[PDB]
């Protein structure tokens, strides 16, 4: 399996941004989403399509439809500037596949 996402997007403070991932695995398997900030370990912000791990703000939401999955940030904050990666189970047992990441810039 393979996944594709746009390499970069911006959002203004307080606006909404949607980051989408596409690939065949997404018809079968739920997407998860990682946030990567400089000097930190990656953080799961969404898993199993739309569930938020403990402590993740509700301004992060996930959805899917068909061969696409999306991460939406509603009311973007300065701290949300990060690289975001979609992932899912891969066709190979015990493997996961990732998108190439989307760099989010938050302006204002």
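Residue numbers count along the first chain shown, from 1.
Checklist entry - Going by the B-factors listed in the PDB entry, is the mean over the C-alpha atoms higher for 26 to 34 or for 72 to 80? => result Averaged over C-alpha atoms, the B-factors run higher in 26 to 34.
Checklist entry - Where do the C-alpha atoms have the higher mean temperature factor in this entry, in 40 to 48 or in 61 to 69? => result Taking the mean B-factor of the alpha carbons in each, 61 to 69 is higher.
Checklist entry - When you compare the CA B-factors of 10, 91, 88, 15 as listed in the entry, which one comes out on top? => result Comparing C-alpha B-factors across 10, 91, 88, 15, the maximum falls on 91.
Checklist entry - Lowest, middle or highest third of the chain for the C-alpha temperature factor of residue 104? => result Residue 104: CA B-factor falls in the lowest third of its chain.
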